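K.L.:
Sharing a structure here in structure tokens format.
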Amino acid sequence: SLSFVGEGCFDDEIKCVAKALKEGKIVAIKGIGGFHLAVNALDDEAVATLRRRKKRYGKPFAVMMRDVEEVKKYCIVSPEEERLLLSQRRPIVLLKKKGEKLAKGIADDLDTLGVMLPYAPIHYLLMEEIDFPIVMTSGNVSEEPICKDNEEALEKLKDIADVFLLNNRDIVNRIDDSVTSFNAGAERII
Amino acid sequence: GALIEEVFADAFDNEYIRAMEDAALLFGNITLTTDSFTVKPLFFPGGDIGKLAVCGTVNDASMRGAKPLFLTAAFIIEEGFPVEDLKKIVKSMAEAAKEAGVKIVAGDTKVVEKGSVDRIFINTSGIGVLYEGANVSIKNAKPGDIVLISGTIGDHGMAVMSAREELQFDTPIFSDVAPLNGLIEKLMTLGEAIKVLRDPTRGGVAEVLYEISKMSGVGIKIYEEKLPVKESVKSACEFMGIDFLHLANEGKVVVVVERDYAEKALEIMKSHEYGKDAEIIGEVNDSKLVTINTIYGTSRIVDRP
Ligand SMILES: [Mg+2]
């Protein structure tokens, strides 16, 4: 089952996360391979505070969107790219932008954006409670291995995340999101 | 690739050598060290080869928790080396021994053909006597111990670099050459709580920490914000992309202590003329790794010189 740590919240744990995102807060989410950090990808202030709180990053953020239709609004998506997005492998796919429509600080001065689709039940549930794309960056200060255990995340990400979505299933082997692309007629994994 | 020290370690293999201490401990209470001094230029801001030859061996002879007392001085001199430069070197040696409260009791002088040595080399050996409950060794660090440095890092290294390679800086940099046996004497008030003492010479602070790690079988974590360094050294290194952790020091000691005695060790240093810039800089880890933390908690391994 899920747990919500941070400030008090009456609702079910997904609804709480939706509320926190809506308010421009950083949420640390326990997924399949570890923790990730999320904000509203249309909220410049929230993206700015995450940039400040990591402070040693600079790297562009990946963004999670609800479906292919939503991606086609922000990015150019060829059929092979759509196959990579929809794949059960569920990676981040690096895609060419279609005009600046996201918040500043996501992927500035770059013509590409890393987009992923939902991959765990928690994301599908989160998507029906929000109507904006979300940053989904690794759950780490700087660039070390992402956190995997609840107590490890609560300590390491204390100065980054405002709230946490935890669960009581151990991740045994931490594993990051894949990052791939399509170019020159073949998949090119990063 | 000076794997000469490997040939050395194979042939003179014994308990004393395997230990890789700053000084051998003989009969249980007396200590013995030796060092050669080949610095160019012979006269540099803040010192010369003479002051260096004494201080370095006085220091090495104390690093075991000891009062240094007696020194030997060996001189290897080029035919036609200016005698007025020699009088200056010898004078500097006399002055340093006097300040250290030490005496040069034996020696040697050899003169070699012109071109068989660049001007002058000096070797010094030292004898010291251990304080009552001294137990200082590079093997003595345990996890939980605190690491201190007696003052700013990288002075000597950058000073001779600047003079030798004619590098002009916005601020002139002086060498830190000093005898530290007085400072060590005040530290040895703490007895067994003082675990490790080493001067970060060839290879700087980085190399010492690795030597502590290897021999104690531990790791060490240091803190960027806590590292003392003169602004002149900071920007000199920042201009050339150098890590001051790799530059040599000649008036500094790295100290490892018991957790509860760290505050006392800092104040003992801060109340001594060569210890005003002392800082607690790190902690002895469980990890067999040498790591440095930046502001906010970004860990990375310290690279070896
Ligand atoms: Mg030494």
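In the structure tokens, the first chain shown is A, the next is B, and so on; residue numbers restart at 1 for each chain, and ligands run from 1 in the order shown.
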What are the nearest atom pairs, with distances in Å to one decimal, for all residues of range 12-86 of chain A that come at most 7 Å from range 112-118 of chain A, using only C-alpha atoms, set out by chain and rising residue number as a tab-separated table?

P.N.:
```
residue	atom	partner	partner_atom	distance
A:62	CA	A:114	CA	4.6
A:63	CA	A:115	CA	5.0
A:64	CA	A:116	CA	4.8
A:65	CA	A:117	CA	5.5
A:66	CA	A:117	CA	6.0
A:67	CA	A:117	CA	6.3
A:85	CA	A:117	CA	6.4
```

K.L.:
Give me a file of those residues, with C-alpha atoms, as an mmCIF file, in the first residue's frame.

P.N.:
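Output saved as part.cif:
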```
data_model
loop_
_atom_site.group_PDB
_atom_site.id
_atom_site.type_symbol
_atom_site.label_atom_id
_atom_site.label_comp_id
_atom_site.auth_asym_id
_atom_site.auth_seq_id
_atom_site.Cartn_x
_atom_site.Cartn_y
_atom_site.Cartn_z
ATOM 1 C CA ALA A 62 12.788 14.569 -18.318
ATOM 2 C CA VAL A 63 9.038 15.072 -18.317
ATOM 3 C CA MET A 64 6.194 12.603 -17.903
ATOM 4 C CA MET A 65 3.088 13.059 -20.045
ATOM 5 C CA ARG A 66 -0.253 11.173 -19.863
ATOM 6 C CA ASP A 67 -0.396 9.796 -23.422
ATOM 7 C CA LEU A 85 7.214 5.572 -25.889
#
```

K.L.:
Please, which residues have at least one atom within 6 Å of an atom of ligand 1, using only C-alpha atoms and all ligand atoms, listed as number ranges by chain?

P.N.:
B: 22, 60, 198-199

K.L.:
Which residues come within 9 Å of residue 299 in chain B, counting only C-alpha atoms, excluding same-chain residues fewer than 4 positions away, as a ChimeraX atom specification?

P.N.:
/A:144 /B:221,291-294

K.L.:
Compile the contact shell of range 21-26 of chain A as a list in words: residues with an atom at most 6 Å away, counting only C-alpha atoms, same-chain residues fewer than 2 positions apart removed.

P.N.:
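Using only C-alpha atoms, the neighbours found are residues 18, 19, 38, 39, 40, 46, 161 and 162 of chain A.
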
K.L.:
With a distance threshold of 12 Å and counting only C-alpha atoms, extract the residues of chain A near chain B and express them as a ChimeraX atom specification.

P.N.:
/A:52-57,140-145,155-160

K.L.:
Would you list the contacts of residue 113 in chain B as a PyMOL selection string, taking every protein, DNA or RNA residue within 7 Å and counting only C-alpha atoms, but skipping same-chain residues closer than 2 positions in sequence?

P.N.:
chain B and resi 78-79+115-116

K.L.:
Write out as number ranges by chain which residues come within 9 Å of residue 43 in chain B when counting only C-alpha atoms, dropping same-chain ones fewer than 6 positions away.

P.N.:
B: 49-50, 89

K.L.:
From the set B:223, B:8, B:44, B:70, which residue has the shortest atom-to-atom contact distance to residue 32 in chain B, counting only C-alpha atoms?

P.N.:
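Residue with the minimum atom-to-atom distance to residue 32 in chain B: B:70.
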
K.L.:
Just the residues within 9 Å of residue 15 in chain A, please, counting only C-alpha atoms, with nothing from its chain fewer than 6 positions along; format it as a ChimeraX atom specification.

P.N.:
/A:9,125-126,129

K.L.:
With distances taken over only C-alpha atoms, which residue among B:257, B:52, B:158, B:122 lies nearest residue 232 in chain B?

P.N.:
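Of B:257, B:52, B:158, B:122, the one nearest residue 232 in chain B, counting only C-alpha atoms, is B:158.
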
K.L.:
What is the CA of residue 185 in chain A to CA of residue 99 in chain A distance in Å?

P.N.:
24.4 Å

K.L.:
Using only C-alpha atoms, can you tell me which of A:8, A:133, A:139, A:79 comes closest to residue 102 in chain A?

P.N.:
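Looking at the shortest contact to residue 102 in chain A, the residue is A:133.
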
K.L.:
Please compute the CA of residue 153 in chain B-CA of residue 245 in chain B distance, one decimal, in Å.

P.N.:
6.9 Å

K.L.:
Could you give me the residues within range 74-103 of chain A that DSSP places in alpha helix (DSSP H), as a list in words?

P.N.:
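Going through range 74-103 of chain A, the alpha helix (DSSP H) residues come out as residues 74, 79, 80, 81, 82, 83, 84, 85 and 86 of chain A.
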
K.L.:
Let me make sure I understand: among A:34, A:71, A:81, A:27, which one has the smallest atom-to-atom distance to residue 171 in chain A if we use only C-alpha atoms?

P.N.:
A:34

K.L.:
Could you give me, as a short mmCIF file (atom, residue, chain, number, x, y, z; two decimals) with N, CA and C atoms, in the first residue's frame, each residue of range 107-294 of chain B that DSSP assigns to strand (DSSP E or B) when run on this structure's backbone?

P.N.:
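out.cif was written with the following content:
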```cif
data_model
loop_
_atom_site.label_atom_id
_atom_site.label_comp_id
_atom_site.auth_asym_id
_atom_site.auth_seq_id
_atom_site.Cartn_x
_atom_site.Cartn_y
_atom_site.Cartn_z
N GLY B 107 77.95 14.68 11.28
CA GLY B 107 77.73 15.04 9.90
C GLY B 107 78.78 14.57 8.93
N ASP B 108 78.72 15.13 7.73
CA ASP B 108 79.64 14.83 6.66
C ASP B 108 79.55 15.93 5.62
N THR B 109 80.67 16.19 4.96
CA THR B 109 80.70 17.07 3.80
C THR B 109 81.52 16.41 2.69
N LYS B 110 80.91 16.31 1.51
CA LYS B 110 81.57 15.77 0.33
C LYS B 110 81.50 16.82 -0.76
N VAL B 111 82.63 17.01 -1.44
CA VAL B 111 82.72 17.89 -2.59
C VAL B 111 82.90 17.03 -3.84
N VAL B 112 82.03 17.23 -4.82
CA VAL B 112 82.08 16.47 -6.08
C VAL B 112 82.43 17.37 -7.26
N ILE B 120 73.98 21.96 -4.72
CA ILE B 120 74.05 21.39 -3.36
C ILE B 120 72.81 20.56 -2.98
N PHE B 121 73.05 19.35 -2.48
CA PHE B 121 72.01 18.57 -1.79
C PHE B 121 72.37 18.40 -0.33
N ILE B 122 71.35 18.26 0.51
CA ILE B 122 71.54 18.03 1.93
C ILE B 122 70.68 16.87 2.42
N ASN B 123 71.29 15.97 3.18
CA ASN B 123 70.55 14.96 3.90
C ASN B 123 70.63 15.19 5.40
N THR B 124 69.50 15.03 6.08
CA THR B 124 69.51 15.09 7.53
C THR B 124 68.85 13.85 8.10
N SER B 125 69.43 13.33 9.18
CA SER B 125 68.76 12.30 9.98
C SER B 125 68.45 12.84 11.37
N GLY B 126 67.49 12.23 12.04
CA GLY B 126 67.04 12.75 13.32
C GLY B 126 66.77 11.67 14.33
N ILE B 127 67.05 11.99 15.60
CA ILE B 127 66.72 11.14 16.73
C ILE B 127 65.80 11.91 17.67
N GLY B 128 64.69 11.29 18.04
CA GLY B 128 63.79 11.86 19.05
C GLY B 128 63.44 10.85 20.13
N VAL B 129 62.93 11.34 21.26
CA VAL B 129 62.50 10.48 22.35
C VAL B 129 60.99 10.63 22.57
N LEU B 130 60.32 9.49 22.67
CA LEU B 130 58.86 9.42 22.84
C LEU B 130 58.40 10.00 24.18
N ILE B 146 38.46 11.88 14.34
CA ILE B 146 38.37 13.17 13.66
C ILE B 146 39.72 13.54 13.05
N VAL B 147 39.67 14.15 11.86
CA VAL B 147 40.87 14.57 11.16
C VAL B 147 40.98 16.07 11.24
N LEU B 148 42.15 16.54 11.68
CA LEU B 148 42.45 17.97 11.71
C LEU B 148 43.70 18.28 10.89
N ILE B 149 43.79 19.53 10.42
CA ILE B 149 45.00 20.06 9.82
C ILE B 149 45.43 21.28 10.63
N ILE B 194 45.66 11.05 20.70
CA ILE B 194 46.34 11.38 19.46
C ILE B 194 46.72 10.05 18.81
N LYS B 195 46.13 9.79 17.65
CA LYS B 195 46.29 8.50 16.99
C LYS B 195 47.27 8.52 15.83
N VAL B 196 47.18 9.55 14.98
CA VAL B 196 48.06 9.69 13.81
C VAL B 196 48.58 11.11 13.68
N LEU B 197 49.85 11.22 13.30
CA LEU B 197 50.48 12.50 13.02
C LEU B 197 51.32 12.34 11.76
N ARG B 198 51.07 13.17 10.76
CA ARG B 198 51.91 13.20 9.56
C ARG B 198 51.90 14.56 8.88
N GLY B 219 38.60 4.49 5.82
CA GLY B 219 38.37 5.56 4.85
C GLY B 219 38.37 6.90 5.54
N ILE B 220 38.44 7.97 4.76
CA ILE B 220 38.44 9.33 5.31
C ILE B 220 37.57 10.27 4.49
N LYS B 221 36.72 10.99 5.19
CA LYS B 221 35.90 11.98 4.58
C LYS B 221 36.28 13.35 5.03
N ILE B 222 36.59 14.20 4.07
CA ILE B 222 36.86 15.60 4.36
C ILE B 222 35.82 16.56 3.77
N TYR B 223 35.84 17.80 4.26
CA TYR B 223 34.83 18.79 3.90
C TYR B 223 35.45 20.01 3.23
N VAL B 254 48.93 16.92 9.70
CA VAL B 254 47.61 16.28 9.71
C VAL B 254 47.49 15.45 10.98
N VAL B 255 46.41 15.65 11.71
CA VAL B 255 46.20 14.98 12.98
C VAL B 255 44.92 14.18 13.00
N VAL B 256 45.02 12.94 13.44
CA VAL B 256 43.85 12.12 13.71
C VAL B 256 43.72 11.93 15.23
N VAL B 257 42.52 12.14 15.77
CA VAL B 257 42.27 12.06 17.22
C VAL B 257 40.99 11.31 17.57
N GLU B 279 42.02 23.72 11.47
CA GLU B 279 40.62 23.34 11.31
C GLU B 279 40.41 21.84 11.45
N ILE B 280 39.27 21.48 12.04
CA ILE B 280 38.67 20.16 11.89
C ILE B 280 38.26 20.07 10.42
N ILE B 281 38.77 19.07 9.70
CA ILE B 281 38.52 18.97 8.26
C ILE B 281 37.73 17.73 7.81
N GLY B 282 37.65 16.71 8.65
CA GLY B 282 36.98 15.48 8.27
C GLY B 282 36.82 14.44 9.35
N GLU B 283 36.50 13.22 8.90
CA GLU B 283 36.17 12.09 9.78
C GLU B 283 36.65 10.79 9.13
N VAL B 284 37.13 9.87 9.96
CA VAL B 284 37.56 8.55 9.53
C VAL B 284 36.35 7.62 9.32
N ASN B 285 36.23 7.12 8.10
CA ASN B 285 35.10 6.31 7.64
C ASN B 285 35.26 4.83 7.90
N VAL B 290 38.69 7.43 0.19
CA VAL B 290 39.02 8.81 0.53
C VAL B 290 38.11 9.74 -0.27
N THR B 291 37.18 10.37 0.44
CA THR B 291 36.12 11.17 -0.18
C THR B 291 36.08 12.61 0.33
N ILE B 292 35.65 13.52 -0.53
CA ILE B 292 35.47 14.93 -0.15
C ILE B 292 34.04 15.40 -0.42
N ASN B 293 33.43 16.01 0.59
CA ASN B 293 32.09 16.56 0.47
C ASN B 293 32.13 18.05 0.17
#
```
